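Working through the structure, step by step
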Amino acid sequence: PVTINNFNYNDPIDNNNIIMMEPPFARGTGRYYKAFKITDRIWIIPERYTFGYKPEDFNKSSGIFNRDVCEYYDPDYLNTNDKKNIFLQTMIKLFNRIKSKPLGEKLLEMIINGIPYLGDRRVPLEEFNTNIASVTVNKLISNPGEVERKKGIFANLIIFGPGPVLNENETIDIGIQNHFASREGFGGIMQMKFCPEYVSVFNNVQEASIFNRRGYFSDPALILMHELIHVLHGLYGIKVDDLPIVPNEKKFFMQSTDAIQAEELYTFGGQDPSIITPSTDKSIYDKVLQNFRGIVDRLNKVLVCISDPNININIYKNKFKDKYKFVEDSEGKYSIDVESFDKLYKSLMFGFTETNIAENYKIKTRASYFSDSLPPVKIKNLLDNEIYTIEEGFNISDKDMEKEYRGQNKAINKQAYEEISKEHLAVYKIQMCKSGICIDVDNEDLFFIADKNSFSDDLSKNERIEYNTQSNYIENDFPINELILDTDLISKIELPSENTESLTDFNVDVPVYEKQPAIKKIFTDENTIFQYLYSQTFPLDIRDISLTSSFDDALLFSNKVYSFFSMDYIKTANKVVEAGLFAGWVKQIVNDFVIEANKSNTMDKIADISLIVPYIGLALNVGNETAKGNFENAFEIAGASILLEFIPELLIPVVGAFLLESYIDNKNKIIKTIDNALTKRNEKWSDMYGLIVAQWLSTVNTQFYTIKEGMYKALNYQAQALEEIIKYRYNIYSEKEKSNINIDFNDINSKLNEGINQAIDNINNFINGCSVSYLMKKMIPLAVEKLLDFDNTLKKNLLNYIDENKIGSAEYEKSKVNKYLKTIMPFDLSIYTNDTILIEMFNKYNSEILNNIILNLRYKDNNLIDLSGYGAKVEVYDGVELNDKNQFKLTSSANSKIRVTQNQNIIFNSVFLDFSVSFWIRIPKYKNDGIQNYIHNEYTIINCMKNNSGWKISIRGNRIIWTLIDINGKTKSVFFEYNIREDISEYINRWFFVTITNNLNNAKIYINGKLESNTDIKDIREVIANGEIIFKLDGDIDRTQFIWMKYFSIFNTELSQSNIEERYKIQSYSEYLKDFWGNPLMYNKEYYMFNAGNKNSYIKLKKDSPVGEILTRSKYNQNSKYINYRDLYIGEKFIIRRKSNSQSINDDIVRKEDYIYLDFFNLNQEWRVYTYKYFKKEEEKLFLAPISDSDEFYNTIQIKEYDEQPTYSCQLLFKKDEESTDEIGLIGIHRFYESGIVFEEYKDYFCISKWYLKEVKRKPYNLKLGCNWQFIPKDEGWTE
Ligand SMILES: CC(=O)N[C@H]1[C@H]([C@H](O)[C@H](O)CO)O[C@@](O[C@H]2[C@@H](O)[C@@H](CO)O[C@H](O[C@H]3[C@H](O)[C@@H](O)[C@@H](O)O[C@@H]3CO)[C@@H]2O)(C(=O)O)C[C@@H]1O
Ligand SMILES: [Zn+2]
């Protein structure tokens, strides 16, 4: 296997495993460096990397080299032999840790055996050349001086110490004459600057961090394996260059940084390889395959070596052959074997990745290449087995530090590292100035957004299709379990000897590095995320602060700090009290904090949004000036797009035309030139999707990431300000007082910190949801548009080609070109990534029924708009009446209609027909004098057709019908018909909930949650349902006909009885009571009274007494056999009067638990409903009389709602007053016995009783109770 050699810096040079090397970039001059062979082909040179850096660049200065690194400097690292030795023994411990597992061992075995080819592009094909700076390095044998005797050796890797920045490790490849052999299939001597003690830190949980350090530090063994992978790539010459991801740097808020090549993202692995589109994934693949082709060609022509005649040609042809896995026939002719080439390429690109390795060694690491990095820490002593071991790293089981990566946790394993002198770090910043007053922001914190230039246009080219053309897919994945099982991977071919002729051609390009201003001053007067966060901090030389809800004073005054929490919270926080009241005050301001932070779990179900964090806007004011107005509302309208700081310009090209041309003649076999044109279409879809996912991850999800982060900081700064205030108020008191104040600062932070954690969890689900939403509604659809377009153009491309050829199949193989293109590829994120976090975001998004809404009509600023997020066009004509209660009216006028142009690029169409339509509706009563036309005339109210196919909602009298029409013209229906011979109906002219669902076998109609009708729709063919939707009364309707609708919406999936019952309860909910028809109950409005327990009964002021008698309602008197009902406009006319408010009398809405006066009219006076305060019985006739203030009667009533289920009924409770919990009883109707000298009978009266009090508490709620009322005002939908 792999042998890790041992030695000490002070060991003597022997010119074998301890030498005096003359590094490549030395150009063969300057001086020599003592090097050690830690394993075959691998050397360690324990000295600073100085090639290309000015000796001064090692000190901390006004500059920085890299823009995204908190750079630590220290020129004294490795300035002694004892340090050089420690560096050595540390490197040794690391390689041992690397080989401690099969996986890292295979890495090393691959790096040792992957010897650089002999020569590069310049070397003739038939030759070998060891005399080039990328193949040979020189060792010195002289003693008193240089030059005297120089020997040459081969090497695969030289690891130096760090350059100017300790924590900026980097693998470097050799360039000669503007070219890189490590990028052309040859490979070449690799170099590296590595530092083991100064590791990077990445953000993550560590306690709950509202006081104790947060984050985890890296295992230097993974940091070295990350670098070795670059080495591997270099050695095999596949570290090719291609179209990089480049940051957009046009806006002041965008992160400036170097371009990022695929090789770096492939090395990290995880989700990062998804940012490299499938088009580029293939570009690279092809360039590497092309390189190997050249190498396999050389092996077939190589004969002599004109550099070291000592070189054995056969020995080398057998090594390279095994390196590259070429196949050698029985004659010796070398050739590329696609399968082996494949597994090898994937192994080097997707097998050995920092993600797969960390998982294997059980080491924690950063989630993505694009993730905020914290400042570095110094590991105290990697040479101490109590702190770090070969087998386990920092996560040692004996110290119970294996679980949860505790060994790398900063808040837990503080004996393992040291914080570093910030007075030694350098950070590239952007000083954001106005116009006086500027703010420094670390480039790290800005938004990273991939410019459009970052993505390939290869999708717009053409494709010659032939019987040969096959599919091309590079799965950015490789099963690491088999890679750990030796068969192919590791080479058992002898490794040639490292000694050879000396290097004499020291030609080579040596990179020069220079620093650049660390601070970059830019100008802008905007106050977005960065400013709002700054507004929440304060200087260290200030201990006395006060909160303000005003962003501007906060910026102006140093002792003023901005808070996005409530006005109430802010007032209490700035409170100042007596020591005797400090405890209490602390207890509540912290609880307040907790309650405010938890407002991040706010629901908004009525607007079809399950999760919403109302304060995100005030907190960051990110995107579309979100700190102004009501955040919840604005989100409800534009959605996740208002949170984005920048709306990116996507790259969605026209998929290049096809050509099946190049293939004629009457060959009935090459026919597959079409069969391959189809599967190639599927490749074009997939690739387009991958193109999208790639832009989403680097232009959209990156921005959301910055928001989740900004919220973490925002919430933290908040707790910090609060703790600062608390501490100040406490220390104002004398020691005598403090001693008696019961305060536990550890419980304060604990509680403050717990709240933040609960919030972050909410803020996270919220933001991920948006990100996915923006993916699915503002990105995927646009991609579908072009694919459905390419489809068409491709449909005419084909067919016509089945025409230009011959032949029976020509017909049965033309249908094949139909049934295929009639199937669009469903987007599935799991196809382009395997990152668990992402997959979970996506699965969570597809499991929320609400995300299935493709149309949701809502009133907003006197117009109806689609809020689904798919941007349906909504044209609302003049004949339509709208109110802010979301009710719209459709009349008989030709201009009373709504036209909706559905989004044509959404999924909805597929074999089965799966979607739902939900809405509320009020259908006016029939005119008694036209019952004939009513029951005979059927009229459409919502029509959605295309090519004579689609769905339709119509009404014929008392019946509502759902109708389906497939392309062939076949029709099926289903309907709900409400009886019109009921004394009192629950549907006629009353608002009710309709829901229609369709699966592959049934069309079901639900009314108010319950299922009323079913219908088999198997026979039904395809039903085109994405045509224009026309809302309008169309048919032979009466001039007086009208309809009221509300909350109209569509789901592209069948809703379940559960989802329906829930939608019903959600939309039914209101803070107010309702009247008989289902509309808001109102003050100062005439109403007749209905009793839910005595349907056919009404109240009337008895002639000779202050009581309301109860009479039988009169009914429909005409001679119709089709109708029958009870009059509703009968009995006394009541009018609910507000109890409080002494400032005039308008006409507001009646809310639950409201105090009212139940009055009514008698002739030209307004009387009232009273109760005798002293009845000793359980029930008593109510006392009805003129308005007055008598101390013997209760006049104040409380309107309540005991039912927990949807109902238009309500109850009237009599209480002592507005506080006592003393209930007098409920208003209802009672039956009494009467015996006088002439009449003996029973009669019911307007009663009040205690008996109802306990009855209303039972479950399920008794809707039949006599204490249940409903108010009926006149209504055009009901004439009698
Ligand atoms: C409408 C009706 O007749 N049904 C209920 C009536 C009615 O709701 C109220 O009278 C008017 O709102 O009430 C019933 O009795 C309860 C109560 O209302 C009165 C009855 O006058 O007292 C009842 O308790 C006692 C009752 O007075 C005595 O005659 C004797 O029977 O003992 C009972 C219990 O100790 C009771 O609280 C009614 O039956 O009259 C209940 C009806 O469902
Ligand atoms: Zn890297």
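Residues numbered from 1 in each chain as written, not as in the entry; some residues may be left out. Chains lettered and ligands numbered in written order. Heavy atoms only, no water. Residues with missing side-chain atoms left out of burial classes, pairs and counts.

Per the PDB record, the structure was determined using X-ray crystallography to 2.6 Å resolution.

Some remarks on the environment of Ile-1123
Put simply, the test is: Secondary structure counts use DSSP, requiring at least four H or I residues in a row for a helix and at least two E residues in a row for a strand, with both numbered from the N terminus. By definition, residues are in contact when any of their heavy atoms lie within 4.5 Å.
In this structure, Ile-1123 sits in the loop between strand 52 (1108-1112) and strand 53 (1134-1138). Contacts of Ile-1123, omitting those with residues within four sequence positions, involve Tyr-926, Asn-928, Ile-931, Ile-980, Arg-981 and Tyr-1116.

Points about the coordination of the zinc ion (ligand 2)
The line we're drawing: For Na, K and Ca the donor cutoff is 3.2 Å, while for all other metals N, O and S atoms count as donors only within 2.8 Å; water does not appear among the atoms, so some sites may look incomplete. In short, tetrahedral needs four donors with all angles between 85 and 135 degrees, square planar needs four and octahedral six donors with opposite donors over 155 degrees apart and all other angles between 65 and 115, and whatever is left is irregular. We call a residue buried when its accessible area falls under 20% of the maximum for its residue type, exposed when it is over 50%, and partly exposed in between, using a 1.4 Å probe and counting protein chains only.
Distances from the zinc ion (ligand 2) to its protein donors, namely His-226 (NE2), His-230 (NE2), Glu-264 (OE) and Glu-264 (OE), fall within the range 2.1 to 2.5 Å. Coordination at the zinc ion (ligand 2) is irregular, judged from the 4 donor atoms that bind it and the angles of 57 to 151° they form at the metal. Here the donor residues of the zinc ion (ligand 2) are spaced in sequence according to H-x3-H-x33-E. One end of the pair is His-226 and the other is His-230, both in helix 3 (residues 220-235) and 4 residues apart, which spans about a single turn. Note on accessibility: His-226 and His-230 belong to one class, buried.

Quick notes on the domain arrangement of the protein chain
Spelled out, the test is: Residue ranges labeled as domains rest on an automatic or database domain assignment. Buried area is a sum: the accessible area each of two parts loses on coming together, probed at 1.4 Å, counted once for each and added.
As far as domains go, the protein chain holds domain 1 (1-435), domain 2 (437-468 + 525-820), domain 3 (836-1068) and domain 4 (1082-1272). Domain 3 and domain 4 are separated by 38 Å when their C-alpha centres are compared. On the domain 4 side, the residues contacting the 17 residues of domain 3 number 17 residues. A combined buried area of about 1500 Å² lies between domain 3 and domain 4, and 52% of that area is made up of carbon and sulfur atoms. Per-residue buried area on domain 3 facing domain 4 is highest for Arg-981, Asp-983 and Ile-984; these three make up 39% of the total on that side.

Overview of the sheet that holds strand 48 (residues 1029-1034)
As a reminder of what qualifies: If DSSP finds at least two bridges between two strands, the strands pair. Angles run from 0 to 180 degrees between N-to-C directions of axes, and those axes are lines fitted to C-alpha atoms, restricted for helices to the stretch in contact.
Pairing is antiparallel in the open sheet, where 7 strands are placed in the order 36-39-48-41-42-43-44. The sheet is open, and its two edges are formed by strand 36 (873-876) and strand 44 (971-977), each paired on a single side. Neighbour-to-neighbour, the strand axes of this sheet turn through a mean angle of 15°, independent of strand direction. Sheet topology note: the strand 42 (residues 949-956)/strand 43 (residues 959-965) ladder contains 7 bridges and is antiparallel. Looking across to strand 43, one finds that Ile-953 is bridged to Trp-962.

Concerning the site of ligand 1
Test applied: Proximity is defined per residue: any heavy atom of the residue falling within 4 Å of a molecule or strand makes that residue near it. The definition of a polar contact used here is a pair of N or O atoms within 3.5 Å, where within protein one atom must be able to donate a hydrogen and the other to accept one, and adjacent residues in sequence count solely through side-chain atom pairs. Only the protein chains shown count as cover for residues, and the accessible areas themselves come from Shrake-Rupley with a 1.4 Å probe. All residues other than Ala, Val, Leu, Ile, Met, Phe, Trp, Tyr, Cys, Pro, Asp, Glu, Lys and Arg, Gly among them, are scored as polar; the first ten of these are nonpolar and the last four charged.
Taken together, the residues surrounding ligand 1 are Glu-1178, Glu-1179, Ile-1229, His-1230, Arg-1231, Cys-1247, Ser-1249, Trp-1251 and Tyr-1252. In this structure, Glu-1178 approaches ligand 1 through a side-chain N or O atom, which is 2.7 Å from an oxygen atom. A distance of 2.8 Å is found between an oxygen atom of ligand 1 and a side-chain nitrogen or oxygen belonging to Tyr-1252. Contact with the protein chains hides 47% of the accessible area of ligand 1, taken as 740 Å² for the molecule alone. Residue assignment for the shell around ligand 1 shows that the elements contributing at least two residues are strand 61 (1223-1235), strand 62 (1240-1249) and helix 26 (1251-1255). The greatest single-element share of the shell around ligand 1, amounting to 3 residues, is contributed by strand 61. Grouping the amino acids of the shell around ligand 1 by side-chain chemistry returns 4 nonpolar, 2 polar and 3 charged.

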